[PDB]
Ligand code: VO4
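Structural data, given as structure tokens:
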């Protein structure tokens with residue numbers, strides 16, 4: 662709460678969106694933190710595990726797999742609210758490729774993650790965005806020694822909710838995951854409907870479990886993923902009457918996974934949404 666009140670930070674944000682200063686400061690923020698090594702992601706055996714050749718995890722915050730081939734394009738992203746004894750944990754990752762679905766489910770299993778948030782359709786205007794790593798009901802899939810079954814599938818206008826049963830085939834052990842797929846948010850763009858987006862972020866927040874990471878991905882794992890992380894962080898701050906500086910939220914994300922929030926229009930969108938949530942909270 663140190664630099665301003667919440668009220669003051671919102672007046673600053675509103676004034677700066679109108680004047681242009683908020684986007685000028687965004688444009689000057691580094692997209693990749695200089696000084697953080699990126700080496701494992703570039704190793705010859707890992708190149709085909711990256712959906713986009715230059716969207717890569719930092720060494721220090723990459724998610725490790727157990728075994729001989731430890732690599733997945735995934736990053737730990739933890740958002741602190743220090744004035745509240747609160748850290749919101751995420752794993753930010755890409756949409757799996759046909760041959761990385763086994764590693765994707767390995768992360769879910771190893772960490773017993775109960776919530777996956779997918780922010781892309783499988784394809785867009787003829788371009789592949791994500792491999793379908795879950796079965797249609799009532800098919801089954803096997804990925805890397807995990808048997809996957811869809812127990813329910815409930816569509817809404819903006820998103821699909823699926824309950825997935827993950828079974829370790831070698832031991833019979835079972836784990837249930839809630840899978841949320843937001844289908845109304847195009848790549849490098851903003852949500853088709855701002856109200857649907859905010860309801861969805863609410864819903865995600867309601868499913869978060871204490872001290873367990875939420876796995877979030879789009880196609881590359883940085884743009885729409887970064888907007889969601891920024892929004893959830895801001896909602897936590899406004900409810901606690903703590904000041905919100907979106908530029909610092911984005912910087913804190915980018916120190917953990919490069920390039921989060923890809924476009925200036927995405928940033929403008931999330932800043933406007935933050936002002937809306939704030940104003941609604943005053944009511
Ligand atoms: O698939 V995302 O381009 O929004 O990182």
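Residue numbers (our numbering): 662 to 944. Note that CB positions come from ideal geometry on N, CA and C, so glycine has one too.
Residue 801 counts as exposed, since fewer than 16 other C-beta atoms from the protein chains shown sit within 10 angstroms of its C-beta.
In this structure, 726 is the residue among 726, 745, 742 with its C-alpha nearest to the C-alpha of residue 736. Per DSSP, the continuous alpha helix (DSSP H) segment holding residue 684 begins and ends at 682–689. The beta-carbon distance between residue 938 and residue 895, rounded to whole angstroms, is 7 Å. This is short enough to meet the 8 Å contact definition.
According to the DSSP secondary-structure assignment, residue 824 is paired through a beta bridge with 813, 839. Residue 924 carries a coil assignment under DSSP once its states are collapsed to helix, strand and coil. At a Cβ-Cβ threshold of 8 Å, residue 697 and residue 933 do not count as neighbours. Contact annotation: residue 878 and residue 754 have beta-carbon atoms nearer than 8 Å. Separation of the CB atoms of residue 819 and residue 854 is rounded to 6 Å, and the pair is thereby assigned contact status at 8 Å. Residue 778 is bridged by DSSP to 841, 877. Taking the C-beta atoms as reference points, residue 739 is found no nearer than 8 Å to residue 710. Spatial neighbours of residue 744 in its own chain (CB-CB distance under 8 Å, excluding positions within 5 residues in sequence) are listed in chain order as 662, 901, 903. Taking a cut-off of 8 Å on C-beta distances, the segment 905–923 does not touch the segment 804–818, as fewer than three cross pairs fall below it. Excluding its 5 nearest sequence neighbours in each direction, residue 808 has C-beta neighbours in its own chain below 7 Å: 801, 828, 830, listed in chain order. A distance criterion of 7 Å places the beta-carbon of residue 882 in contact range of the ligand VO4, judged by its closest non-hydrogen atom. Under the DSSP definition of a beta bridge, residue 723 partners with 736.
Rounded to the nearest angstrom, the gap between the Cα atoms of residue 763 and residue 706 is 16 Å.
Setting aside the 5 residues that flank it on each side, residue 716 is surrounded in the same chain by 734, 755, 881, 882, 883, 919, 920, each with a C-beta closer than 8 Å to its C-beta; the list follows chain order. For a cut-off of 8 Å, the C-beta gap from residue 929 to residue 690 is around 14 Å, too long to register as a contact. Using a cutoff of 7 Å, the CB of residue 792 does not count as near the ligand VO4, since none of the ligand's heavy atoms is closer than that. Judged by DSSP in its simplified three-state form, residue 819 adopts coil rather than helix or strand. A straight line joining the alpha-carbon of residue 722 with that of residue 701 spans about 12 Å.
With respect to residue 686, residue 908 sits close: the two C-beta atoms are nearer than 8 Å. Within 7 Å of the C-beta of residue 918 there is not a single heavy atom belonging to the ligand VO4.
Distances taken from the Cβ of residue 786 to the heavy atoms of the ligand VO4 include none shorter than 7 Å.
In this chain, the alpha helix (DSSP H) harbouring residue 910 covers 907–915. By a beta-carbon distance limit of 8 Å, residue 840 contacts residue 825. Their separation comes to about 5 Å.
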